[PDB]
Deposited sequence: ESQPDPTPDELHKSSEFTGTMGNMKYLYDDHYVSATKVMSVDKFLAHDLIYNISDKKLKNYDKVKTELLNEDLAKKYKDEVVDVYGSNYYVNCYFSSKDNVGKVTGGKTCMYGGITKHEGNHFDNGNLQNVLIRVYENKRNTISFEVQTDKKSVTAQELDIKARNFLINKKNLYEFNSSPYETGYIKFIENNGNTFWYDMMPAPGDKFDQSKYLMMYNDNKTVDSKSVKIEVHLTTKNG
């Protein structure tokens, strides 16, 4: 059932990352694709869905392709009226089955619209407890209008806050060596994501965001979230 917590040696270390940390910051700093009540209009590969979603802010795209874990998930949502929320990227983002208004890519981030909102039309607050060197230092709430929300949406909102409040990610590096965000569902199931880039000198945005392809959702009203960081080394 539950994924065991991170073993000490498996967590990505920022001291072992030689690329530009600002490329990780870019994915969570007031950065996200949003849409309500849309239906896919095309596909590229068997596991992805393309939607007509325009960029309200910077006007950088009008088409969004989201890749999912497998063909089953893609077929499930293909003709569904859904809402979308996720982190997009442009580097190594391609369409055209031959030759197939900007375009952008993402992973998962989709939920059915019908029956997924609160009866009184209010927003649900989700508590995020932050731990620094095993000590709970601060806690803050993020908001969502979805009863069943993708873990991706909550993670993004959490990191956006931490970037501003705790300088989670900066241009060169991070004041933290290690970091992971853990979700705890009211059924006892737990899972986590490594918040640091893979070792090396070149951050691969597409490959990192791929972890959201399972389109994992949680109950916003009951889920618990813990962010565990370490400055550990120094």
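One segment of the deposited sequence has no coordinates for C-alpha: 101-105, numbered from the first residue.
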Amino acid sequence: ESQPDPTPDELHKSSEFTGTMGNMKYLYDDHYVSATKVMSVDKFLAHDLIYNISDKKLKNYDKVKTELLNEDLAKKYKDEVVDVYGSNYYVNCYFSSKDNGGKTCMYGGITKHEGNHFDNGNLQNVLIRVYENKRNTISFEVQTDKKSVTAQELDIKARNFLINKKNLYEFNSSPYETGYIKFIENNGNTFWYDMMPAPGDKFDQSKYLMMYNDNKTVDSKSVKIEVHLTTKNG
From here on, numbers count along this sequence of modelled residues.
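If you superpose the two forms and keep the largest set of C-alpha atoms that fall within 1.5 Å, you have the rigid core.
Relative to the displayed structure, the C-alphas of 120-128 lie farther away on average in 7 other deposited structures of this protein than those of the other candidate, with 159-167 and 120-128 compared after rigid core superposition. Core superposition of the other structures onto this form places the C-alphas of 55-63 farther off in 7 other deposited structures of this protein than those of the other stretch among 55-63 and 189-197. Checked against the record, the higher mean CA B factor of 181-189 and 200-208 lies with 200-208. Averaged over their C-alpha atoms, the temperature factors of 115-123 and 139-147 are higher for 115-123. For the set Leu45, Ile53, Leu27, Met195, the PDB entry assigns the largest Cα B-factor to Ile53. Within the listed group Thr104, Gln152, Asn100, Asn160, the record reports its top CA B-factor for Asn100.
Ranked against the other modelled residues of its chain, the C-alpha B-factor of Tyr169 as given in the entry falls in the lowest third. Annotation for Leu69: CA B-factor lies in the lowest third of the chain's modelled residues. Split the chain's modelled residues into thirds by C-alpha temperature factor. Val82 is in the lowest one. For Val41, the recorded CA temperature factor ranks within the highest third of the chain's modelled residues. In the deposited entry, the Cα temperature factor of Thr20 sits in the middle third of values across the chain's modelled residues.
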